[PDB]
Amino acid sequence: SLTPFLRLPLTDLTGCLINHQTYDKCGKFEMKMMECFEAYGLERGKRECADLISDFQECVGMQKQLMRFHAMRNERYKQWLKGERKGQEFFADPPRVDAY
Amino acid sequence: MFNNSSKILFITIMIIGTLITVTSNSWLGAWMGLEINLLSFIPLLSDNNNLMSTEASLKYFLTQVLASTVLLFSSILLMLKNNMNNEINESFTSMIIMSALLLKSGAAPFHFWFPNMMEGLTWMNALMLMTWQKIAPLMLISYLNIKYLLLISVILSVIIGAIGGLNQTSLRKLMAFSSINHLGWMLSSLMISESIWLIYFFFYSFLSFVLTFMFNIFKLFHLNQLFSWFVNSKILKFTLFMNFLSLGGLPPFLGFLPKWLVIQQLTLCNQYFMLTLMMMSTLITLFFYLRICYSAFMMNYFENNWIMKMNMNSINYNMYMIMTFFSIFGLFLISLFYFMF
Amino acid sequence: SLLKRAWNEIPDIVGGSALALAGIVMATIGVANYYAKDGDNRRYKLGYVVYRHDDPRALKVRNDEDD
Amino acid sequence: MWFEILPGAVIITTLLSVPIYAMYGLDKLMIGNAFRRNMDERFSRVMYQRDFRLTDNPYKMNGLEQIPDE
Amino acid sequence: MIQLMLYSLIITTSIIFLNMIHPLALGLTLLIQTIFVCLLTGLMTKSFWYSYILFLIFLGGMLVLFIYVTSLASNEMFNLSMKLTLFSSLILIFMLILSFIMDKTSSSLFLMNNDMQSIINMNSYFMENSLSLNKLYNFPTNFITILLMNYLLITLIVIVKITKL
Amino acid sequence: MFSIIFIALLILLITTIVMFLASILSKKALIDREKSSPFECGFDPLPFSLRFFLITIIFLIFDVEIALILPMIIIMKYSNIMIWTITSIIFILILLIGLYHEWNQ
Amino acid sequence: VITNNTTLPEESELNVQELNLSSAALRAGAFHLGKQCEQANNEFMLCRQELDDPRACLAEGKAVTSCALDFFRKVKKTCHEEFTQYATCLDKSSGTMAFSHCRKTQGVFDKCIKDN
Amino acid sequence: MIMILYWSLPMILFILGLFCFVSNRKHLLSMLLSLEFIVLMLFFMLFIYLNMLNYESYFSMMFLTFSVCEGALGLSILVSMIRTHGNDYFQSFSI
Amino acid sequence: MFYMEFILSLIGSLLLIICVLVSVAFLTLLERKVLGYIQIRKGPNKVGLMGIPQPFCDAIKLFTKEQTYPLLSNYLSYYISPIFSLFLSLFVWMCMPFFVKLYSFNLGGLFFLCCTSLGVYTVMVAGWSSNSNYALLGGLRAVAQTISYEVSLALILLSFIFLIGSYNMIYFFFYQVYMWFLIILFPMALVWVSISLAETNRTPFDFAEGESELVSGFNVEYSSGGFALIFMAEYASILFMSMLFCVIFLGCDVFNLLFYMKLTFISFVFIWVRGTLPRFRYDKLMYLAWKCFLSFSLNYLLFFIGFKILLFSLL
Ligand SMILES: CCCCCCCCCCCCCCCCCC(=O)OC[C@H](COP(=O)([O-])OCC[N+](C)(C)C)OC(=O)CCCCCCCCCCCCCCCCC
């Protein structure tokens, strides 16, 4: 989060407006980043606290999971276009409707 | 500008919106405060007696809402890439954020709205425009760590803001072009400190209050109008015009101090070529300051003789003469100052 | 007087202001009645809420009869 | 005299009574259950999903005869 | 699939918004874009509250000013061209058959709906449009909506001054 | 919502088909100079009004204000009671004071 | 996310006879199910809420499923037609399965349970 | 990648509305209507951002309030020139 | 997902549309008949038997007459107003409280406010495209009154939603199982009648679409099928306001035949105030919509804020 220049009474309302702290899949990850930004500050927290930054961005940004999903779907279509996979076995056994 | 209490209401809400902008810990509450500041700065900069003020408010609206939506779009893009407000390695979305801030502030690739709007205003809304409305974008520019955009903006500000003020004989466009050059000294101070910028901005603001009060009380809008200005003693007109030499950065007066602190901090930060590029392009600013000073440095003029009484406000000129004294004798207070360190 | 003029010209606004004053009074009455008892600890929780006996919240549960 | 309005009004009472009552027949014809399942709360949608998972007709009952003897 | 249909409709209405010049016709293009934007933001969300809020605020509330100003601005009627209608229909049928020949699972949005969430999620079963709107009326974010109502009153005060009445 | 799109497109399609068949069923006569004329009573033939524009602006400000009064029915059983009451009483009271002040001035 | 390092349970451990009842057969007879099966439901949901691990307290989930199956088999032994009529009236009563639309067969079901 | 497949279209239509905002072949009313087009695209992109988080969608009516006040402000700026510049200022291609 | 839900939803919606349209025709018959009986005179008669196929005589005539245009060159904008007007009047009925499920509208009041907020849009394109100063004046007057009581209607229905605790229209049924809301909300009943005669142009609020101060507000150039679609859309709005009065105040009672008897009675009340009251003025209607009804709305909304807080502590 951005460090404001001035710490007046007028940052008290703006500060809580967006935050993963309200119930969320991994706000407990963000807290583990945010307290780290209390420890080293904002600028040393960019270097000394890089492992906890990437987990929160991985969780809520959903980057490598969606990239892995698109790698698994494009490889299946490449195998379909290259003739390795065809017919009724193009798609696997579907999950149950209440599985997830 | 105090014809109504509603304008005092708009002044305090634009102060509130600017303070919401500069204290926001996220990139979206800053945009919220920017919209509050915009809402309260649309009715100021608009009046019924002046025809050009309405189209100048239209230019201000289109320029700011073009800059605010690009600022919002790039901040949402940054939040979509990395979900914290900061960024580990700087990329193009910070460049779009900084360019949207430079359209708000008036840096020289994006400054062409600034004197074209300034050509049709009064001298108090100009005082709000070049001083308080530079608070909200410049305090957000300090959150970014890209160097070459600030380098291009500083270089273009000090050449374009100094050369472009030579042709202008209107005082408002000349002061706008002088504020564009003094903007570039503020962004050059922003790459090296967040306190030397406050020093330069506070005393540049002080010089803006004391110099725009000379043109607001006596209603001066032209270079030729300064020659016809009647002062009862020509020594007083010569003394009152030392604020131009003060703001141009001359050593015995104040106004040499913040430029000198920028020089001291930039040389200590091993940046010598950009400092030389600014100071070879600040002599032109003193040249169109000294072209104003043709109307007072000589001691006798071919005056028009129909006006023989100097008419002035009491409270405003009482506030003016305090600040004129500290604009030229304010270097004695360097021993009392402790905010440089 | 002043209330006679308001009751003569604008009687619906006077009646609405009486209703709004009554609603404000019984809103403060409802807030005081909610916070006089343990209104923050509702009797009927949503979801499936379980507490073990070591938790401090398990000692604050309500054993009242169903109304 | 004045009872000629009731030709023009009671018909209005009949026609607007049509789009529910016919459905109260029609849901008893092709479904067999007179009421379609309410999709307001999420728990009702999840349990309707469970019924359509269990049987191809979600309004077909899985009673106690489904339970094997043990 | 219908998300891709709304993508295609928004693309077609945007390119005809770029093409046309008559101001009430751009206002009509905006009012028919707002419906598709409302539905498409309804596809990502748990429930359709904010689409309704955007609908009442933008279309039925705000754009009627734009429709009134653009109606009194232009004396003349629309010059309907069958060429632009044919080009819009051709690019629309092309983009729908392009969505037919494209896998919709990879093109679907990653944002979870109310039924895309987990079954063991406790918060989804409570009340529709409850936890998202909760922070509007709780400490310490209620000062923003108090400031918003004050901002709307101050906006009306600004508008009365700048139009000069 | 996907069924709502289908039924709204069906209502639009049915109304356009009914109007197209009405245009076919309409009696086509010879088109005239005076028949196409805009109707002014009898003999053949407006500027911008600011009062109606501020009526639309007052409607817009009150509409965006109503859009913040809309959520709090749901939140009343899922929030702090004192905060909710303070915000609701303050919200409608400042609205009433602003309405009465704009009435008196 | 699931890799080869994570230890998912085998499908033979997951091959448990499940409660395959419909919504009307689960909504009806629920108030006698919860009282009879309160020892395992609370422990299993405490396992699900505390650890937040799907692989943990699988034995507790199996105990919940077996306890529900035992209660429904006990209902099937004694009071079958009354429960079938109660679930039928609960499903045909309204759209959502609301208990207030028919209370006539609920009393017969509670009378059967109280007598047996 | 993620940017190419997800949220690429609001960027493209935002640049199209920006180019319609600043083109010299349009007029001031077209600038204001294209401005509310990019307001709609900004709402689309902001809602795509805000729905990665679960229960922070309440911000969508804050940006709506600010941008609707911007639109009413722009209309009241533009129609304030009716009594001064006349009714023909809506067809102005340059400022 | 089970396909008979889609099939029965489609069948029920089309049956609702057909029955609403035939009830619109018989509502025009009822209005011409009992509106005559408001005075001494008789209603329609002598066509068919006892005047029953008189709206079909209207429908055969209006679908045969020459479709004239307000200008000869370009008139496609003239077409799009009755299409969208009848589309909204037949589309607003999907948020009717159906107990057998047709559409699970958990937010039905917002849907009603959306369709009412498009009513201004269809009457604005009705006014502008008809190329006449009378048409523009009537369109501006109708847009003025409908956005003036849009805010009031939103606040009144917003006060009603506080009673049931949610936005689901079927929740009006469970809170009316012991008594109707006509007992508790009788000034709200009079205010809601004044609201429902304002969004739909009827005689008490008729400066928009009257035959005295204008010849016709926005139907002045509309004829030969467009006037038929506009007339059917307006009477469907009357039927929707009668139903929405009968759901909120009178008990929803969707299945009972007494609910549809009360719906015909509230339509009779709408035709009863059609013959009685005179027409308001522009200044008095701006006084009514923004001061009296707005002040009553905010005040009695404060009353239900206090009452719902008071019952929350007691329950
Ligand atoms: C089965 C019923 C059969 C009979 C009825 C049949 C018809 C059905 C109902 C139709 C109703 C009429 C519809 C059209 C109305 C047209 C007239 C109209 O709009 O008039 C507007 C008029 C206008 O007000 P006005 O009359 O003051 O304004 C005109 C006078 N000037 C301009 C000079 C000021 O009335 C109102 O707006 C009244 C406000 C709403 C109603 C009152 C609510 C007040 C709050 C509740 C009571 C408060 C507590 C009181 C007790 C305690 C006091 C301390």
# chains A, B, ... in the order shown; residues from 1 in each chain; ligands from 1
>>> interface_residues(of="chain I", to="chain C", cutoff="8 Å", atoms="only C-alpha atoms", output="ChimeraX atom specification")
/I:292,295-296,299-300,302-307,309-314
>>> write_last_selection(atoms="N, CA and C atoms", output="PDB file, in the first residue's frame")
ATOM      1  N   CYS I 292     -43.987  18.442  -0.944  1.00  0.00           N
ATOM      2  CA  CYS I 292     -44.947  17.753  -0.084  1.00  0.00           C
ATOM      3  C   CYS I 292     -44.676  16.255  -0.039  1.00  0.00           C
ATOM      4  N   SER I 295     -41.073  15.532   1.360  1.00  0.00           N
ATOM      5  CA  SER I 295     -41.017  15.708   2.809  1.00  0.00           C
ATOM      6  C   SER I 295     -41.743  14.585   3.537  1.00  0.00           C
ATOM      7  N   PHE I 296     -42.912  14.176   3.021  1.00  0.00           N
ATOM      8  CA  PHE I 296     -43.639  13.046   3.594  1.00  0.00           C
ATOM      9  C   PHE I 296     -42.857  11.745   3.450  1.00  0.00           C
ATOM     10  N   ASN I 299     -39.841  11.868   5.939  1.00  0.00           N
ATOM     11  CA  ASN I 299     -40.352  11.818   7.305  1.00  0.00           C
ATOM     12  C   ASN I 299     -40.866  10.431   7.677  1.00  0.00           C
ATOM     13  N   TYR I 300     -41.643   9.802   6.803  1.00  0.00           N
ATOM     14  CA  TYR I 300     -42.234   8.545   7.217  1.00  0.00           C
ATOM     15  C   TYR I 300     -41.270   7.389   6.960  1.00  0.00           C
ATOM     16  N   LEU I 302     -38.183   7.986   8.010  1.00  0.00           N
ATOM     17  CA  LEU I 302     -37.601   8.084   9.351  1.00  0.00           C
ATOM     18  C   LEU I 302     -38.451   7.348  10.380  1.00  0.00           C
ATOM     19  N   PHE I 303     -39.777   7.414  10.217  1.00  0.00           N
ATOM     20  CA  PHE I 303     -40.696   6.691  11.097  1.00  0.00           C
ATOM     21  C   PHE I 303     -40.487   5.178  11.014  1.00  0.00           C
ATOM     22  N   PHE I 304     -40.379   4.628   9.800  1.00  0.00           N
ATOM     23  CA  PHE I 304     -40.038   3.204   9.698  1.00  0.00           C
ATOM     24  C   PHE I 304     -38.595   2.853  10.035  1.00  0.00           C
ATOM     25  N   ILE I 305     -37.637   3.782   9.937  1.00  0.00           N
ATOM     26  CA  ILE I 305     -36.294   3.510  10.456  1.00  0.00           C
ATOM     27  C   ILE I 305     -36.351   3.310  11.967  1.00  0.00           C
ATOM     28  N   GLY I 306     -37.064   4.209  12.656  1.00  0.00           N
ATOM     29  CA  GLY I 306     -37.251   4.064  14.091  1.00  0.00           C
ATOM     30  C   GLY I 306     -38.066   2.843  14.476  1.00  0.00           C
ATOM     31  N   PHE I 307     -39.083   2.507  13.677  1.00  0.00           N
ATOM     32  CA  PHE I 307     -39.936   1.372  14.014  1.00  0.00           C
ATOM     33  C   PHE I 307     -39.235   0.040  13.774  1.00  0.00           C
ATOM     34  N   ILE I 309     -36.018  -0.346  13.942  1.00  0.00           N
ATOM     35  CA  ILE I 309     -35.025  -0.477  15.003  1.00  0.00           C
ATOM     36  C   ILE I 309     -35.689  -0.892  16.315  1.00  0.00           C
ATOM     37  N   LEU I 310     -36.886  -0.359  16.594  1.00  0.00           N
ATOM     38  CA  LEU I 310     -37.610  -0.698  17.820  1.00  0.00           C
ATOM     39  C   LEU I 310     -38.060  -2.156  17.837  1.00  0.00           C
ATOM     40  N   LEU I 311     -38.506  -2.684  16.694  1.00  0.00           N
ATOM     41  CA  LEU I 311     -38.886  -4.093  16.652  1.00  0.00           C
ATOM     42  C   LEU I 311     -37.685  -5.025  16.658  1.00  0.00           C
ATOM     43  N   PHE I 312     -36.515  -4.553  16.224  1.00  0.00           N
ATOM     44  CA  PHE I 312     -35.333  -5.409  16.207  1.00  0.00           C
ATOM     45  C   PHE I 312     -34.825  -5.695  17.613  1.00  0.00           C
ATOM     46  N   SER I 313     -35.011  -4.757  18.541  1.00  0.00           N
ATOM     47  CA  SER I 313     -34.654  -5.009  19.930  1.00  0.00           C
ATOM     48  C   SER I 313     -35.668  -5.921  20.611  1.00  0.00           C
ATOM     49  N   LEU I 314     -36.948  -5.786  20.258  1.00  0.00           N
ATOM     50  CA  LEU I 314     -37.994  -6.563  20.914  1.00  0.00           C
ATOM     51  C   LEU I 314     -38.024  -8.007  20.428  1.00  0.00           C
TER      52      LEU I 314
END
>>> interface_residues(of="chain E", to="chain D", cutoff="9 Å", atoms="only C-alpha atoms", output="list in words")
residues 114, 115, 119, 124, 125, 126, 127 and 128 of chain E
>>> select_by_dssp(residues="chain F", states="helix (DSSP H, G or I)", output="PyMOL selection string")
chain F and resi 2-25+50-69+72-75+81-104
>>> residues_around(residues="residue B:52", least_positions_apart="2", cutoff="12 Å", atoms="only C-alpha atoms", output="PyMOL selection string")
(chain B and resi 45-50+54-59+116-122) or (chain H and resi 81+84-85+95)
>>> write_last_selection(atoms="N, CA and C atoms", output="mmCIF file, in the first residue's frame")
data_model
loop_
_atom_site.group_PDB
_atom_site.id
_atom_site.type_symbol
_atom_site.label_atom_id
_atom_site.label_comp_id
_atom_site.auth_asym_id
_atom_site.auth_seq_id
_atom_site.Cartn_x
_atom_site.Cartn_y
_atom_site.Cartn_z
ATOM 1 N N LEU B 45 -13.015 30.288 -11.110
ATOM 2 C CA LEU B 45 -12.542 30.157 -12.525
ATOM 3 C C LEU B 45 -13.777 30.263 -13.415
ATOM 4 N N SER B 46 -14.896 30.728 -12.862
ATOM 5 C CA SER B 46 -16.085 31.006 -13.658
ATOM 6 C C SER B 46 -16.778 32.226 -13.074
ATOM 7 N N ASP B 47 -17.133 33.180 -13.932
ATOM 8 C CA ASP B 47 -17.785 34.400 -13.481
ATOM 9 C C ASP B 47 -18.640 34.964 -14.606
ATOM 10 N N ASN B 48 -19.563 35.857 -14.238
ATOM 11 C CA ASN B 48 -20.509 36.401 -15.207
ATOM 12 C C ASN B 48 -19.962 37.622 -15.936
ATOM 13 N N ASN B 49 -19.089 38.398 -15.291
ATOM 14 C CA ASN B 49 -18.583 39.620 -15.906
ATOM 15 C C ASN B 49 -17.555 39.344 -16.998
ATOM 16 N N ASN B 50 -16.805 38.252 -16.885
ATOM 17 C CA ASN B 50 -15.768 37.903 -17.845
ATOM 18 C C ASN B 50 -16.282 36.804 -18.767
ATOM 19 N N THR B 54 -15.664 31.335 -18.766
ATOM 20 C CA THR B 54 -16.498 30.149 -18.944
ATOM 21 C C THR B 54 -15.847 29.145 -19.890
ATOM 22 N N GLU B 55 -15.284 29.622 -21.005
ATOM 23 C CA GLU B 55 -14.583 28.713 -21.906
ATOM 24 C C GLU B 55 -13.249 28.267 -21.318
ATOM 25 N N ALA B 56 -12.660 29.067 -20.424
ATOM 26 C CA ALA B 56 -11.471 28.620 -19.708
ATOM 27 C C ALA B 56 -11.806 27.526 -18.701
ATOM 28 N N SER B 57 -12.980 27.613 -18.069
ATOM 29 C CA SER B 57 -13.448 26.530 -17.211
ATOM 30 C C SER B 57 -13.777 25.282 -18.012
ATOM 31 N N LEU B 58 -14.262 25.449 -19.246
ATOM 32 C CA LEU B 58 -14.468 24.301 -20.128
ATOM 33 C C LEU B 58 -13.143 23.633 -20.492
ATOM 34 N N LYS B 59 -12.111 24.440 -20.776
ATOM 35 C CA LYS B 59 -10.773 23.907 -21.046
ATOM 36 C C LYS B 59 -10.196 23.190 -19.830
ATOM 37 N N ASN B 116 -2.886 29.167 -22.305
ATOM 38 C CA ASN B 116 -4.070 29.415 -23.119
ATOM 39 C C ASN B 116 -5.322 29.544 -22.263
ATOM 40 N N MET B 117 -5.377 28.837 -21.134
ATOM 41 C CA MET B 117 -6.429 29.096 -20.162
ATOM 42 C C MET B 117 -6.142 30.365 -19.372
ATOM 43 N N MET B 118 -4.861 30.618 -19.063
ATOM 44 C CA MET B 118 -4.481 31.771 -18.250
ATOM 45 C C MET B 118 -4.716 33.106 -18.957
ATOM 46 N N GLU B 119 -4.861 33.109 -20.288
ATOM 47 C CA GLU B 119 -5.078 34.346 -21.037
ATOM 48 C C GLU B 119 -6.419 35.022 -20.750
ATOM 49 N N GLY B 120 -7.364 34.349 -20.092
ATOM 50 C CA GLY B 120 -8.656 34.951 -19.820
ATOM 51 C C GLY B 120 -9.163 34.853 -18.393
ATOM 52 N N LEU B 121 -8.289 34.969 -17.400
ATOM 53 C CA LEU B 121 -8.700 34.813 -16.008
ATOM 54 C C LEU B 121 -8.486 36.109 -15.235
ATOM 55 N N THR B 122 -8.785 36.041 -13.942
ATOM 56 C CA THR B 122 -8.428 37.081 -12.996
ATOM 57 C C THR B 122 -7.139 36.687 -12.280
ATOM 58 N N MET H 81 -23.032 28.335 -21.810
ATOM 59 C CA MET H 81 -22.653 29.161 -22.944
ATOM 60 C C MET H 81 -23.814 29.414 -23.897
ATOM 61 N N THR H 84 -24.644 33.113 -23.804
ATOM 62 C CA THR H 84 -23.498 33.937 -24.163
ATOM 63 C C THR H 84 -23.003 33.651 -25.576
ATOM 64 N N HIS H 85 -22.669 32.397 -25.884
ATOM 65 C CA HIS H 85 -22.163 32.037 -27.203
ATOM 66 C C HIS H 85 -23.265 31.683 -28.191
ATOM 67 N N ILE H 95 -11.585 24.509 -30.120
ATOM 68 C CA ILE H 95 -11.718 25.282 -28.893
ATOM 69 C C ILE H 95 -10.706 26.421 -28.876
#
>>> residues_around(residues="stretch 59-72 of chain F", least_positions_apart="4", cutoff="8 Å", atoms="only C-alpha atoms", output="VMD selection string")
(chain E and resid 53 56 to 57 61 to 62 133 137 145 149 152 to 153 155 to 156) or (chain F and resid 55 76) or (chain H and resid 65) or (chain I and resid 147 to 148 151 154 to 155 158)
>>> write_last_selection(atoms="N, CA, C and O atoms", output="PDB file, in the first residue's frame")
ATOM      1  N   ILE E  53     -27.734  -0.619  -9.710  1.00  0.00           N
ATOM      2  CA  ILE E  53     -27.296   0.693  -9.231  1.00  0.00           C
ATOM      3  C   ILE E  53     -26.735   1.522 -10.382  1.00  0.00           C
ATOM      4  O   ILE E  53     -27.092   2.695 -10.548  1.00  0.00           O
ATOM      5  N   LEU E  56     -29.917   2.574 -12.683  1.00  0.00           N
ATOM      6  CA  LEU E  56     -30.685   3.744 -12.181  1.00  0.00           C
ATOM      7  C   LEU E  56     -29.807   4.998 -12.203  1.00  0.00           C
ATOM      8  O   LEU E  56     -30.326   6.049 -12.593  1.00  0.00           O
ATOM      9  N   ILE E  57     -28.537   4.913 -11.792  1.00  0.00           N
ATOM     10  CA  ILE E  57     -27.717   6.117 -11.710  1.00  0.00           C
ATOM     11  C   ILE E  57     -27.349   6.627 -13.101  1.00  0.00           C
ATOM     12  O   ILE E  57     -27.564   7.803 -13.420  1.00  0.00           O
ATOM     13  N   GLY E  61     -31.065   7.889 -14.691  1.00  0.00           N
ATOM     14  CA  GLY E  61     -30.851   9.070 -13.883  1.00  0.00           C
ATOM     15  C   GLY E  61     -30.048  10.170 -14.545  1.00  0.00           C
ATOM     16  O   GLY E  61     -30.433  11.341 -14.484  1.00  0.00           O
ATOM     17  N   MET E  62     -28.933   9.817 -15.182  1.00  0.00           N
ATOM     18  CA  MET E  62     -27.986  10.820 -15.651  1.00  0.00           C
ATOM     19  C   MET E  62     -28.069  11.083 -17.144  1.00  0.00           C
ATOM     20  O   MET E  62     -28.017  12.243 -17.563  1.00  0.00           O
ATOM     21  N   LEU E 133     -22.324  -5.047   0.585  1.00  0.00           N
ATOM     22  CA  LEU E 133     -22.839  -3.726   0.925  1.00  0.00           C
ATOM     23  C   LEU E 133     -22.636  -3.370   2.390  1.00  0.00           C
ATOM     24  O   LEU E 133     -22.998  -2.258   2.784  1.00  0.00           O
ATOM     25  N   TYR E 137     -22.095   0.757   5.524  1.00  0.00           N
ATOM     26  CA  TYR E 137     -22.766   1.210   6.733  1.00  0.00           C
ATOM     27  C   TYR E 137     -22.114   0.682   8.002  1.00  0.00           C
ATOM     28  O   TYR E 137     -22.821   0.287   8.933  1.00  0.00           O
ATOM     29  N   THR E 145     -19.590   7.533   2.759  1.00  0.00           N
ATOM     30  CA  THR E 145     -20.930   7.723   2.200  1.00  0.00           C
ATOM     31  C   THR E 145     -21.636   8.949   2.783  1.00  0.00           C
ATOM     32  O   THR E 145     -22.457   9.568   2.086  1.00  0.00           O
ATOM     33  N   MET E 149     -23.018  11.901   0.267  1.00  0.00           N
ATOM     34  CA  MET E 149     -24.281  12.639   0.306  1.00  0.00           C
ATOM     35  C   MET E 149     -24.042  14.142   0.441  1.00  0.00           C
ATOM     36  O   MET E 149     -24.716  14.951  -0.226  1.00  0.00           O
ATOM     37  N   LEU E 152     -22.941  15.317  -2.947  1.00  0.00           N
ATOM     38  CA  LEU E 152     -24.038  15.510  -3.893  1.00  0.00           C
ATOM     39  C   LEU E 152     -24.785  16.814  -3.626  1.00  0.00           C
ATOM     40  O   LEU E 152     -25.172  17.518  -4.573  1.00  0.00           O
ATOM     41  N   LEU E 153     -24.978  17.162  -2.345  1.00  0.00           N
ATOM     42  CA  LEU E 153     -25.583  18.458  -2.016  1.00  0.00           C
ATOM     43  C   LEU E 153     -24.691  19.624  -2.450  1.00  0.00           C
ATOM     44  O   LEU E 153     -25.175  20.613  -3.023  1.00  0.00           O
ATOM     45  N   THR E 155     -22.515  19.430  -4.857  1.00  0.00           N
ATOM     46  CA  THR E 155     -22.581  19.405  -6.317  1.00  0.00           C
ATOM     47  C   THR E 155     -23.774  20.194  -6.831  1.00  0.00           C
ATOM     48  O   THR E 155     -23.646  20.953  -7.795  1.00  0.00           O
ATOM     49  N   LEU E 156     -24.935  20.037  -6.184  1.00  0.00           N
ATOM     50  CA  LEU E 156     -26.114  20.821  -6.556  1.00  0.00           C
ATOM     51  C   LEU E 156     -25.889  22.316  -6.327  1.00  0.00           C
ATOM     52  O   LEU E 156     -26.297  23.145  -7.155  1.00  0.00           O
TER      53      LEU E 156
ATOM     54  N   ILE F  55     -34.242  21.127 -12.953  1.00  0.00           N
ATOM     55  CA  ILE F  55     -35.155  20.077 -12.490  1.00  0.00           C
ATOM     56  C   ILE F  55     -34.552  18.691 -12.729  1.00  0.00           C
ATOM     57  O   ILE F  55     -34.572  17.827 -11.838  1.00  0.00           O
ATOM     58  N   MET F  76     -29.295  -3.981   7.970  1.00  0.00           N
ATOM     59  CA  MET F  76     -29.808  -3.741   9.321  1.00  0.00           C
ATOM     60  C   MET F  76     -29.699  -4.967  10.222  1.00  0.00           C
ATOM     61  O   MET F  76     -29.556  -4.825  11.442  1.00  0.00           O
TER      62      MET F  76
ATOM     63  N   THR H  65     -20.772   7.883  -8.289  1.00  0.00           N
ATOM     64  CA  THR H  65     -21.183   9.194  -7.794  1.00  0.00           C
ATOM     65  C   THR H  65     -20.250  10.294  -8.290  1.00  0.00           C
ATOM     66  O   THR H  65     -20.714  11.334  -8.779  1.00  0.00           O
TER      67      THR H  65
ATOM     68  N   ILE I 147     -39.837  12.185 -14.160  1.00  0.00           N
ATOM     69  CA  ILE I 147     -38.651  12.251 -13.308  1.00  0.00           C
ATOM     70  C   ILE I 147     -38.908  13.018 -12.015  1.00  0.00           C
ATOM     71  O   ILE I 147     -38.123  12.884 -11.068  1.00  0.00           O
ATOM     72  N   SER I 148     -39.981  13.814 -11.931  1.00  0.00           N
ATOM     73  CA  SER I 148     -40.270  14.485 -10.673  1.00  0.00           C
ATOM     74  C   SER I 148     -40.883  13.540  -9.651  1.00  0.00           C
ATOM     75  O   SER I 148     -40.587  13.657  -8.458  1.00  0.00           O
ATOM     76  N   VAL I 151     -38.278  10.109  -8.159  1.00  0.00           N
ATOM     77  CA  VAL I 151     -37.586  10.216  -6.875  1.00  0.00           C
ATOM     78  C   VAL I 151     -38.546   9.933  -5.723  1.00  0.00           C
ATOM     79  O   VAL I 151     -38.221   9.180  -4.786  1.00  0.00           O
ATOM     80  N   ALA I 154     -39.444   6.157  -5.756  1.00  0.00           N
ATOM     81  CA  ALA I 154     -38.321   5.408  -5.205  1.00  0.00           C
ATOM     82  C   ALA I 154     -38.292   5.495  -3.689  1.00  0.00           C
ATOM     83  O   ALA I 154     -38.089   4.481  -3.013  1.00  0.00           O
ATOM     84  N   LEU I 155     -38.564   6.681  -3.135  1.00  0.00           N
ATOM     85  CA  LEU I 155     -38.566   6.824  -1.681  1.00  0.00           C
ATOM     86  C   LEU I 155     -39.770   6.137  -1.032  1.00  0.00           C
ATOM     87  O   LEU I 155     -39.645   5.575   0.063  1.00  0.00           O
ATOM     88  N   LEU I 158     -39.130   2.437  -1.263  1.00  0.00           N
ATOM     89  CA  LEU I 158     -38.028   2.219  -0.341  1.00  0.00           C
ATOM     90  C   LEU I 158     -38.488   2.209   1.110  1.00  0.00           C
ATOM     91  O   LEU I 158     -37.922   1.480   1.931  1.00  0.00           O
TER      92      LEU I 158
END
>>> residues_around(residues="stretch 38-44 of chain G", least_positions_apart="5", cutoff="10 Å", atoms="only C-alpha atoms", output="MDAnalysis selection string")
(chainID C and resid 48:52) or (chainID G and resid 33 49:50 56:68)
>>> interface_residues(of="chain E", to="chain B", cutoff="12 Å", atoms="only C-alpha atoms", output="list in words")
residues 144, 147, 148, 150, 151, 152, 153, 154, 155, 156, 157, 158, 159, 160, 161, 162, 163, 164 and 165 of chain E
>>> interface_residues(of="chain I", to="chain G", cutoff="10 Å", atoms="only C-alpha atoms", output="ChimeraX atom specification")
/I:99-101
